[PDB]
Amino acid sequence: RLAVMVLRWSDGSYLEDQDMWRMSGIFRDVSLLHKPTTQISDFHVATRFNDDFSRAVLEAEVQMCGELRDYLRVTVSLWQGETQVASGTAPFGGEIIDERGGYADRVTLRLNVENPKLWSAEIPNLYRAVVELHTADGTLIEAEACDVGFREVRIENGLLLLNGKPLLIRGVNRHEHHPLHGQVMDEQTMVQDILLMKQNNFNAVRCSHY
Amino acid sequence: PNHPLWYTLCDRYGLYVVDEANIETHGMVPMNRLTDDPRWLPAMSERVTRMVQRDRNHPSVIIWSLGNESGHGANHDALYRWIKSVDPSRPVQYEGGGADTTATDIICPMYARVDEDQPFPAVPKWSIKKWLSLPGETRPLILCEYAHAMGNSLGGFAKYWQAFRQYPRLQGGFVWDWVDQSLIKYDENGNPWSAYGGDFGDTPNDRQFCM
Ligand SMILES: O=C1O[C@H](CO)[C@H](O)[C@H](O)[C@H]1O
Ligand SMILES: [Mg+2]
Ligand code: NA
Ligand code: NA
């Protein structure tokens, strides 16, 4: 048995003065997650590009918790639909970063990607990154994963660029609001909103204000 | 460069002066044909250097100009730098080649409009408000020529002034121009009348465009 005591007002309320209905409760999902003792505790995915975006490097930093052992490995594999386009395998032990050494509980994988299909609102090309924590000899301990969008966002000479091209933001602010369920969101409502937005020539959304 | 007394009078009466080199090559095709030519650098140099040597002590002169309507040639860049080295006390401007070249400290277009772009190839005349904020642009904007006062004219003059007052980096401009270039001729009865191009049997000529 779980018991959860939810306070409507807290010191947190001073930082939550959004122009919206003031409600309270357990209003998003509750889940139970099982992870192994030796586990992926964090991963970051970055994509960097050459000048014309014909070459990319995917860089995945992976952190673990548990006891560190020589046989442990991370394999990051990148997939374009059903095709594995790149893969890399390494033991833990990051590069030296200071006088005390480096992170023995982290590893960074770097994968080369030629002619990456680029992500934008116009063409949302996605790859799948799979992060496998495993023994060298082939025992999968656990896997985590994400969708990867190959895109560069930068401000250069006063312009916001996406893959080297200046954006024109056709945007809207969107609160999480339902007339029957209040601030509880569901997949159907989210999809309905995205459809209507894109059908009405929006390409951007601001998460007002959370 | 004007008659020497002009500068004395502007010193004493109080007017800001743009002192401009006697270099205009408008009729060349393209406009920079002579000004990009190193053979013409000596002649151009003298028209710039000898002006600065003459007029540098006048407080009324606040800006040096490299001339007018001669495109943008490497000779302009060389002479822009000469002035900056010899006289750091005054900005240098020049409009040729699109009003915002490397040979000018001030965005100094001629007849750029307030709100309307005129996107001519190579040498566009942007809306003055738009011009200030083009990616990477930081310079002040003062039109070397604007509000062409030919005959019944100066329509839209207030639009420039509203913009000048609203935009810090829009620091005004110079109207074109002060006085009609008409000349006195006399009829059969010795009565004087105002003449323009073509009235002296001069041909080809551009008629009333001098007024
Ligand atoms: O300034 C704002 O204008 C909106 C007016 O409805 C709303 O209050 C937004 O949350 C706030 O950022
Ligand atoms: Mg508010
Ligand atoms: Na101003
Ligand atoms: Na004229």
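Residues numbered from 1 in each chain as written, not as in the entry; some residues may be left out. Chains lettered and ligands numbered in written order. Part of a larger assembly, values for the part shown. Heavy atoms only, no water.

- This entry lists X-ray crystallography as its structure determination method and reports a resolution of 1.75 Å.

- Under the PDB entry, chain B has the name Beta-galactosidase and belongs to Escherichia coli.

- Chain A carries the name Beta-galactosidase in the PDB entry, which gives Escherichia coli as its organism.

## Thoughts on the overall build of chain A
Reasoning step 1: A count of helical and extended segments in chain A gives one helix and twelve strands.
Reasoning step 2: In chain A, the succession of helices and strands from N to C terminus is β-β-β-β-β-β-β-β-β-β-β-α-β.
Reasoning step 3: Taken over C-alpha atoms, the radius of gyration comes to 22 Å for chain A, far larger than the 17 Å a tight globule of 210 residues would show.
Reasoning step 4: Expressed along its principal axes, the backbone C-alpha trace of chain A runs to roughly 55 × 55 × 40 Å.
Reasoning step 5: Out of the 210 residues in chain A, the part that is buried amounts to 26%.
Reasoning step 6: Of the contacts made within chain A by residues no fewer than 6 positions apart, 56% connect residues no fewer than 24 positions apart. (Helix = DSSP H or I, 4+ residues; strand = E, 2+ residues; numbered from the N terminus. Rg over C-alpha atoms; globule rule 2.2 N^0.38 Å. Buried < 20%, exposed > 50% of the residue type's maximum accessible area, 1.4 Å probe, protein only. Contact = heavy atoms within 4.5 Å.)

## Some remarks on the sheet that holds strand β8 (residues 153-156) of chain A
Two orientations exist for strands paired in a sheet by backbone hydrogen bonds: parallel and antiparallel.
All names here are of chain A.
Reasoning step 1: Strand order in this open sheet of three strands is β8-β9-β10, and the pairing throughout is antiparallel. Both edges of this open sheet fall to β8 and β10 (165-166), since each of them pairs with a single strand only.
Reasoning step 2: Here strand β9 (residues 159-162) runs beside β10; their pairing, made up of two bridges, is antiparallel. Bridge pairing in β10 places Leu161 opposite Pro166. (Pairing = 2+ DSSP bridges.)

## Brief notes about the UniProt feature "active site" in chain B
Residues and elements named next belong to chain B.
Reasoning step 1: In the numbering used here, UniProt assigns the "active site" feature to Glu69 and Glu145. Spatial clustering of the annotated residues is evident: they stretch over 77 residues in sequence, but the largest pairwise C-alpha distance comes to 11.6 Å.
Reasoning step 2: In this fold, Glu69 is placed in the loop between β2 (61-65) and α3 (74-86).
Reasoning step 3: Accessibility expressed as a relative area gives 17% for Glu69, which makes it buried.
Reasoning step 4: In this structure, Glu69 is in contact with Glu24, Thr25, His26, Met31, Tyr94 and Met110, ignoring residues within four places of it in sequence.
Reasoning step 5: Excluding anything up to four places from it in sequence, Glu145 contacts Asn68, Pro109, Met110, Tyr111, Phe174 and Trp176.
Reasoning step 6: One polar contact links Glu145 to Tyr111, side chain to side chain, over a distance of 2.6 Å. (UniProt positions renumbered as here; feature names shortened; annotations may be inferred. Polar contact = N/O pair within 3.5 Å; in protein donor to acceptor, adjacent residues only side chain to side chain.)

## What about the coordination of the sodium ion (ligand 3)?
All names here are of chain B.
Reasoning step 1: Ligation of the sodium ion (ligand 3) by protein atoms is provided by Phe164 (O), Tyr167 (O), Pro168 (O) and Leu170 (O), these donors lying 2.4 to 3.2 Å from the ion.
Reasoning step 2: Summarised as a motif, the one-chain spacing of the donors to the sodium ion (ligand 3) is F-x2-Y-P-x1-L.
Reasoning step 3: Given the relative accessible area of 2%, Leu170 is considered buried. (Donors = N, O, S within 2.8 Å, 3.2 Å for Na, K, Ca; no water.)

## Comments concerning a nonpolar patch on the surface
Reasoning step 1: Together, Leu2, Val4, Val6, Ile26 and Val30 of chain A make up an exposed nonpolar region whose accessible area comes to about 550 Å².
Reasoning step 2: With respect to the helices and strands, the residue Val4 of chain A is situated in the segment before β1 (39-49). (Patch = residues over 30% accessible without salt bridge, like charges linked within 9 Å, V, L, I, M, F, W, Y side chains within 5 Å. Areas by Shrake-Rupley, 256 points an atom, 1.4 Å probe, with all protein chains shown as cover. Salt bridge = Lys/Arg side-chain N within 4 Å of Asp/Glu carboxyl O.)

## A look at the sheet that holds strand β7 (residues 140-148) of chain A
Residue and element names in this part refer to chain A.
Reasoning step 1: Taken in spatial order, the four strands of this open sheet run β4-β3-β6-β7, and their pairing is antiparallel. Here the strands that pair on one side only, and so sit at the sheet edges, are β4 (83-91) and β7. Averaged over neighbouring strand pairs, the angle between their axes works out to 15° when direction is ignored.
Reasoning step 2: Of the strand pairs in this sheet, strand β3 (residues 72-80) and β4 are connected by eight bridges, and their pairing is antiparallel. Among the inter-strand pairings, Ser77 is bridged to a residue of β4, identified as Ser87. (Axes fitted to C-alpha atoms, helices over the stretch in contact; angles between N-to-C directions.)

## Comments concerning the nonpolar core
Reasoning step 1: In terms of nonpolar packing, the biggest core is built from 26 residues, with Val74, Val76, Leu78, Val148 and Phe150 of chain A touching the most fellow members.
Reasoning step 2: For this core, the secondary-structure elements that each account for two or more residues are β1, β2 (55-65), β3, β4, β5 (106-114), β6 (127-135) and β7 of chain A.
Reasoning step 3: Core analysis: the second largest hydrophobic core is formed by 18 residues, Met51, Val61, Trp64 and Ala103 of chain B among them. (Core = buried A, V, L, I, M, F, W, Y, C linked by side-chain atoms within 4.5 Å.)

## Structural notes on the environment of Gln171 of chain B
Reasoning step 1: With respect to the helices and strands, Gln171 of chain B occurs in strand β5 (residues 170-175).
Reasoning step 2: Distance in space between the C-alpha atoms of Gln171 of chain B and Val18 of chain B is 14 Å, their sequence separation being 153 residues.

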